[PDB]
Every structure is written in structure tokens, then in C-alpha cells.
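Analysis of the macromolecular model
Read off the chains here:
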Amino acid sequence: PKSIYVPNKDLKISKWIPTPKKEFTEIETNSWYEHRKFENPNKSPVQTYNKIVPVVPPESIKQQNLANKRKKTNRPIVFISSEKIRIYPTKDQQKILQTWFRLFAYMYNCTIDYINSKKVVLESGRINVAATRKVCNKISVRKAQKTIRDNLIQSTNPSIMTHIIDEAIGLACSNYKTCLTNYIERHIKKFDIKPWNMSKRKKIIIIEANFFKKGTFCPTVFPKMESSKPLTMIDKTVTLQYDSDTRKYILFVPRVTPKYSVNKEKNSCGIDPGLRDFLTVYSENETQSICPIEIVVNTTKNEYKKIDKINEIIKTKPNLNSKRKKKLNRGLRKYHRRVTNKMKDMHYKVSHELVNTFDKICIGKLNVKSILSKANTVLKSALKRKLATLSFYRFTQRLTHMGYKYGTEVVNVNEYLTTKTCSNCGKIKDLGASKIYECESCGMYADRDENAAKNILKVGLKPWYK
DNA sequence: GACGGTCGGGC
DNA sequence: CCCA
DNA sequence: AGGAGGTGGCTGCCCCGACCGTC
RNA sequence: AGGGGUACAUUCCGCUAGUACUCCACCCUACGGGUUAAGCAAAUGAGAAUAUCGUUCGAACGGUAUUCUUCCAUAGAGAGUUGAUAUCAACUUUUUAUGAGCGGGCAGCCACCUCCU
Ligand SMILES: [Mg+2]
Ligand SMILES: [Zn+2]
């Protein structure tokens with residue numbers, strides 16, 4: 001790929017590209033981040049057509065079709081999306097739930113040990129993935145581990161439900177299958193399913209849908225349960241998680257979203273992520289700049305300050321009583337979680353804005369691993385933290401999910417020569433950190449980020465990947 | 001004697 | 001080669 | 001070195017028939 | 001004045017805003033002050049409980065693990081407690097009303113990576 005330039009008129013894209021100096025009209029964000037806009041002086045009329053949403057992800061389509069292969073029930077393909085229903089178990093119910101978490105972890109560990117003990121290696125240390133997968137069958141492992149499973153169940157007076165422990169065995173088998181799939185695909189050279197300890201910090205117990213009856217789950221032992229919403233309409237297997245850091249019992253119920261009809265505007269977009277502007281949106285009838293890093297610093301100034309000071313305290317002041325060390329670790333996790341929550345909320349709100357404004361998003365594929373790698377020092381370690389906490393890849397995940405949830409096709413594009421390539425004439429110029437992109441051939445005076453976003457849009461409407 | 005709840009396995 |  | 005956290009990647013998001021408890 | 005933390009009917013997970021409480025420098029004089037001082041180890045606290053052990057005298061002190069509490073606001077009424085003259089001021093509690101808008105798909109595992117020191 002010697003050039004990623006396709007003349008705009010080939011793509012029916014107006015050559016409009018704003019000057020780097022503009023007057024930006026702010027967009028209300030209801031969030032910490034700042035969103036700006038610059039309406040094109042000359043705009044084509046906005047189209048519109050009827051769409052049925054949510055759109056089911058292709059991977060979810062495959063998953064549900066395969067789940068229908070075992071003829072569980074001939075149910076229509078649906079768009080699943082979790083939901084956080086908080087529980088308020090009592091002291092007794094809290095103790096029972098903790099014991100059930102312990103038994104779930106113990107069965108998970110036993111299943112992992114069973115698989116490893118029966119894991120078969122192909123001649124050499126290489127794992128014969130097919131045979132190990134067959135060993136990872138939930139039915140076979142459940143039958144084989146009946147004695148150990150029964151002993152585990154018959155060891156606590158509020159004995160866990162057999163069907164929950166079977167869910168634990170299935171989860172262990174699925175995780176081993178995940179690692180095996182990674183192995184065969186060479187995504188990991190070796191793996192080791194670490195046992196679940198008492199300090200896992202995030203304990204999960206999977207509850208079958210059938211157990212959700214009479215406004216509770218497992219009524220035989222939990223006759224009554226407090227929850228944010230009624231538990232009378234759950235129809236899919238649920239996972240109950242306890243977060244020691246947050247001390248919150250939460251049900252991640254995968255709920256069904258009924259498909260309805262909406263009006264979507266034909267507005268192809270392009271996004272060039274990075275630093276100094278988290279997302280520079282360019283659209284044929286509009287240009288937007290999202291979350292400049294100055295406000296990012298201002299919001300994260302406190303969190304980074306506290307994180308650094310806690311780390312320095314831990315290191316430079318050793319031989320601290322574990323109580324103090326544990327408190328410092330708790331605070332560190334709290335401030336990291338605050339940063340993560342800020343970033344997640346910005347991601348979700350920005351995705352909402354973009355999908356509701358555009359029906360097709362061509363976002364750049366910023367390989368954060370390559371950028372963060374210590375191999376290149378072109379970005380200092382101080383900024384590498386900001387790029388890391390910005391969590392661009394998680395943003396891409398959430399944006400893709402939102403686009404599915406609102407019928408917006410979030411295409412992924414690799415930004416290669418986007419910054420260098422001229423959007424108008426196609427001259428390839430290296431500039432470095434310069435904000436202003438001024439082509440010497442065609443004379444375009446365009447902001448660099450906006451030009452990169454336009455290039456991303458152009459390649460997205462006709463990528464060369466095939 | 002007839003409705004729910006969990007258990008046993010199904011692939 | 002994207003980040004500056 | 002000892003703690004964060006990320007980045008990608010993959011797998012899930014069950015069910016019908018017996019058998020038993022209660023009326 | 002500026003900054004941090006905690007809580008907030010408003011289903012829950014959060015973000016923003018706001019509100020309320022609390023905390024952030026030196027000299028002490030060192031339980032009351034000034035500095036004009038913006039304080040940046042400000043919950044990274046504080047307190048209670050469970051233990052398992054070592055020491056001092058069953059208690060305390062220490063670790064090593066856990067856990068649990070750290071307050072919704074304003075306005076109007078009811079009740080209770082305290083001070084002052086059945087009435088006024090302060091505190092606890094029941095109750096009526098009002099109390100911003102924006103999103104929300106996650107769980108688990110793995111390998112690798114960055115960061116702070
Ligand atoms: Mg770019
Ligand atoms: Zn040019």
C-alpha cells in the first residue's frame with residue numbers, strides 16, 4: 001500500500017475541509033469531556049430512512065445459532081445486552097453467598113485440575129488442542145467429577161444447588177476452551193488457568209434462569225431477596241458478582257431488547273483518534289473535535305496525583321503494617337476505578353452522540369500496544385499514561401456495541417499514512433507533531449487531525465484490505 | 001392425587 | 001506506521 | 001519489585017423429564 | 001478564596017452539576033490566635049467487630065487475615081431530650097411536600113503490555 005489516497009469525487013465526498021483556525025460551537029456533553037462542532041457553511045440536505053434496531057452482532061448471531069444447534073428451544077435470534085441489577089443480601093444471605101462463591105471457586109479449580117490431569121500433549125509439549133477440547137466437554141466432565149462434586153455439595157448446611165456447581169464446571173470448561181483457542185491460533189505461547197483464591201477480589205456465581213422464581217433466585221434457600229428491579233422476568237442465565245473493592249452484589253442479567261423501528265440519517269463519518277484530541281470527527285456536513293487532552297489532564301490531575309503519591313509512599317516507606325498497606329492498596333484501586341469510570345462514561349456518551357448523529361462510523365484502528373510500547377520513545381512516559389487510561393480499545397468495543405444497539409455500522413480502519421496523506425491531492429508529507437497540515441502542492445490549509453479523519457472516512461468507504 | 005421445586009443428565 |  | 005491497570009482474543013448469556021414435597 | 005474526600009429520595013452501574021458535612025501550611029502562643037496563608041501525604045483517614053498467634057500485665061500491645069460504620073438538602077407539621085422564662089433557643093426522631101440531565105453489555109479466563117515509584 002504505497003498510497004491510501006482516493007480522490008474525493010470518486011467517493012462522492014465534498015472537497016470541503018475547514019481551515020485549522022475556526023470558531024467552534026460547543027456541543028452539550030453533560031459530562032466532564034468537551035465536545036465541539038463546526039457546521040459546514042454549505043451542507044447537502046440530510047437524508048433519512050427507516051431502520052429496525054437493535055441490530056444483532058454477527059458473532060452473537062453465530063453464538064445463538066450454535067446454541068440452537070443443541071435444540072435448547074427454537075427461539076428467534078435476539079440482541080442480548082447485560083443489565084446491572086443490584087442485590088442487597090442480608091448478613092445470613094451474605095454468608096451463604098460467600099460460601100457459595102468459595103464452593104464455586106473450589107469446583108472451578110477442581111475442573112481445571114481435572115482437565116490438566118487429562119490434558120493430552122501432542123508428542124511434544126504442544127497441546128493436542130482437539131483432544132483437550134473433547135476432554136473439555138461440560139457433560140463428560142460433570143459426569144466424571146460427580147463424586148467430588150457431590151462431596152463439595154454435601155459439605156455445607158445451606159448446600160449449593162447442583163445446577164450452580166454444574167454451571168461452575170461449564171465455566172471452567174469454557175475458559176479452558178478459550179485458552180485452547182488462543183493457543184491453536186498462536187495468540188498465546190503458553191497458558192495456565194490460575195486457581196481462584198480467597199482473594200480473587202471479584203467472586204462470581206452463575207445462576208440458572210430457572211432458579212428465578214417467586215421474586216428471588218433459588219427460593220428453596222433464598223425465599224426472599226431484595227433487588228433494584230423485580231426478578232420475575234429473567235429468562236436467561238444470570239451471573240451474580242461480588243466486588244470486594246466496591247462491596248456490591250450485582251446481577252448481570254442478559255436482557256432482551258425488543259426490535260423497533262426508527263429513522264436514521266445517511267451520514268457517513270470518519271474518526272482519527274490519538275492524543276491532543278481524543279477523537280477528531282470529520283463528516284461531509286459537519287466537523288467535531290472531542291475531548292482535548294487539557295481537560296483530560298484537568299479531570300485526571302487529581303487521580304494521577306493521588307496514584308503517584310500512594311505509589312511513592314508504598315515504595316519509599318517500606319516495612320509498613322499490612323493494615324496500612326491494604327488501606328493504601330484500596331485507595332489506589334479506588335482512584336484507578338474512578339479514572340476508569342470517567343473514561344467509560346465518556347466512551348458511552350460519545351458513542352451515543354456519534355451513532356445518533358451518524359449511521360456509519362469509520363473509526364481508525366489505533367494499535368495502543370504499539371504506541372505504548374517502550375520500543376518507541378516518540379511519546380514520553382508521562383503521556384503514555386494518559387493514552388493508556390484513555391482506554392481507546394475499550395472505547396472501540398463500547399462504540400461498536402452502541403452502533404449495533406442503534407443501527408450504526410462501526411467500521412474499523414487502520415490509520416496508515418492517514419496523517420501524512422493529503423486528503424485533496426494525495427501528496428505524502430511528514431510533519432511530526434505539527435497541528436496545521438498545509439499541503440505544498442494543492443495548497444490546502446487544513447487541520448492535521450481533521451485531514452486524518454477525512455482520510456479515514458475515505459478509506460473506510462473503500463478500504464484496500466478486501 | 002395433583003402443582004411446583006430441584007436434580008439428572010442431554011450433546 | 002500510526003501518538004506528539 | 002510490587003502493585004495497579006490496560007490490549008486483544010475467545011466463550012457464554014440451557015432445558016425437559018423424573019422424582020419428591022405439599023395439599 | 002483555591003484544592004481533596006464522604007453522602008445524596010430521585011430502580012441499579014456510573015459521569016457531569018449542585019448541594020450538605022469534613023479535611024489541606026508556618027509560628028506558637030502551641031484546645032485561642034496571627035501570618036495573609038493558600039494548605040496538595042487533604043479518607044493514602046477514623047472507628048467497631050471476628051479471629052490466629054508473640055510480648056507485657058483473663059486484659060492491653062503488636063503483627064497476619066478478614067470483615068462491618070463512616071450521616072441526603074430545603075421548607076412545613078408531630079413527638080421526644082437539653083438550656084432559658086405553659087412559652088422561646090438548641091439536639092434526636094415520625095411524617096407532608098419540593099429537590100438538575102446524560103448515558104449505560106456485561107461476566108469469566110488467558111497471554112502480552114504500559115504506568116508510578
Ligand atoms: Mg491518525
Ligand atoms: Zn495536497
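Rules and cut-offs
Residues numbered from 1 in each chain as written, not as in the entry; some residues may be left out. Chains lettered and ligands numbered in written order. Heavy atoms only, no water. Pairing = 2+ DSSP bridges. Helix = DSSP H or I, 4+ residues; strand = E, 2+ residues; numbered from the N terminus. Axes fitted to C-alpha atoms, helices over the stretch in contact; angles between N-to-C directions. Disulfide = S-S within 2.5 Å. Buried < 20%, exposed > 50% of the residue type's maximum accessible area, 1.4 Å probe, protein only. Donors = N, O, S within 2.8 Å, 3.2 Å for Na, K, Ca; no water. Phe/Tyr/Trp six-rings, centres within 6.5 Å; stacked < 30°, edge-to-face > 60°. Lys NZ or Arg CZ within 6 Å of the ring centre and 35° of its normal. Near = heavy atom within 4 Å. Polar contact = N/O pair within 3.5 Å; in protein donor to acceptor, adjacent residues only side chain to side chain. Nonpolar A, V, L, I, M, F, W, Y, C, P; charged D, E, K, R; others polar. Contact = heavy atoms within 4.5 Å. UniProt positions renumbered as here; feature names shortened; annotations may be inferred.

Observations concerning the sheet that holds strand β10 (residues 248-252)
- Taken together, four strands build an open sheet; the order of strands is β5-β10-β9-β6 and the sheet is antiparallel. Two strands bound the open sheet, and with one partner strand each, they are β5 (84-87) and β6 (202-207). Within this sheet the neighbouring strands show an average axis-to-axis angle of 25°, counted without direction.
- Bridge analysis of β5 against β10 gives four bridges, and the strand direction is antiparallel. What sits directly across from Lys 84, in β10, is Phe 252.

Quick notes on the state of the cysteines
- Counted by the stated rule, this structure contains zero disulfides.
- The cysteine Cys 110 is free of any disulfide, with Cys 173 supplying the nearest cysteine sulfur at 13 Å.
- According to the relative accessible area criterion, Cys 110 is buried, its value standing at 17%.

Regarding the coordination of the zinc ion (ligand 2)
- Protein coordination of the zinc ion (ligand 2) is provided by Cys 422 (SG), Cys 425 (SG), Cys 439 (SG) and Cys 442 (SG), with donor distances spanning 2.3 Å.
- Positions of the donor residues of the zinc ion (ligand 2) along the chain correspond to the pattern C-x2-C-x13-C-x2-C. Of this pair, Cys 425 sits in the loop between β17 (409-413) and β18 (436-438) while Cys 442 sits in the loop between β18 and β19 (445-447), placing them 17 residues apart in sequence.
- Relative accessible area serves as the criterion here: at 37%, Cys 442 is assigned to the partly exposed category.

Quick look at the packing of aromatic side chains
- Following the criterion strictly, the structure yields 17 aromatic pairs and no others.
- Summarising the aromatic geometry, the rings of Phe 101 and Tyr 249 are spaced 6.5 Å apart at their centres and angled 20° between planes, so their arrangement reads as stacked. Separated by 148 residues along the polypeptide, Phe 101 in helix α3 (residues 91-118) and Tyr 249 in strand β10 bring together distant segments of the chain. Judged on exposure class, the residue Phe 101 and its partner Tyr 249 are both buried.
- Positioned above the aromatic ring of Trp 196, the side-chain terminus of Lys 200 is 4.5 Å from the ring centre.

Quick notes on the protein's contact with DNA strand B
- Of all residues adjacent to DNA strand B, which total 14 residues, the nearest are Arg 142, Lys 146, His 163, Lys 214 and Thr 220.
- The sugar and phosphate moieties of DNA strand B supply 43% of its atoms located within 4 Å of the protein.
- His 163 is positioned such that a nitrogen or oxygen atom in its side chain is 2.5 Å from a base oxygen of DNA strand B.
- Contributions of two or more residues to the surface near DNA strand B are made by α5 (138-144), α6 (146-153) and α7 (162-184).

A short note on the protein's contact with DNA strand D
- The environment of DNA strand D is made up of 36 residues, and the closest members are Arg 70, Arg 201, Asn 329, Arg 333 and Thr 340.
- In DNA strand D, atoms within 4 Å of the protein come from the sugar-phosphate backbone in 74% of cases.
- Within the side chain of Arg 70, one N or O atom sits 2.6 Å away from a sugar or linking oxygen of DNA strand D.
- At 3.2 Å, a side-chain N or O of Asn 311 approaches a base nitrogen of DNA strand D.
- Among the secondary structure elements, those contributing two or more residues to the surface near DNA strand D are α7, α8 (293-316), α9 (322-357), α10 (368-372) and α12 (392-405).
- For the surface near DNA strand D, the element with the highest residue contribution is α7, accounting for six residues.
- Of the residues in the surface near DNA strand D, the class split is eight nonpolar, 15 polar and 13 charged.

Focus on the side chain of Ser 423
- Position of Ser 423 among the secondary structure elements: in the loop between β17 and β18.
- A polar contact of 3.2 Å, which involves the side chain of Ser 423, links it to the side chain of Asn 424.
- Within the local environment of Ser 423, its side chain forms a polar contact with the side chain of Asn 451, the two groups lying 2.9 Å apart.
- Beyond its immediate sequence surroundings of up to four residues, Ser 423 is in contact with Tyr 5, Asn 8, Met 444, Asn 451, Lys 454, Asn 455 and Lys 458.

A word on the UniProt feature "binding site: Zn(2+)" in chain A
- UniProt tags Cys 422, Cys 425, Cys 439 and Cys 442 as "binding site: Zn(2+)". A maximum C-alpha distance of 9.0 Å among these annotated residues, which run over 21 residues, shows that they cluster at one spot.
- Ignoring any residue separated from it by four or fewer positions in sequence, one finds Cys 425 in contact with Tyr 5, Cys 439, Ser 441 and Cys 442.
- Excluding its chain neighbours within four sequence positions, the residues that come into contact with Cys 442 are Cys 422, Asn 424 and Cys 425.

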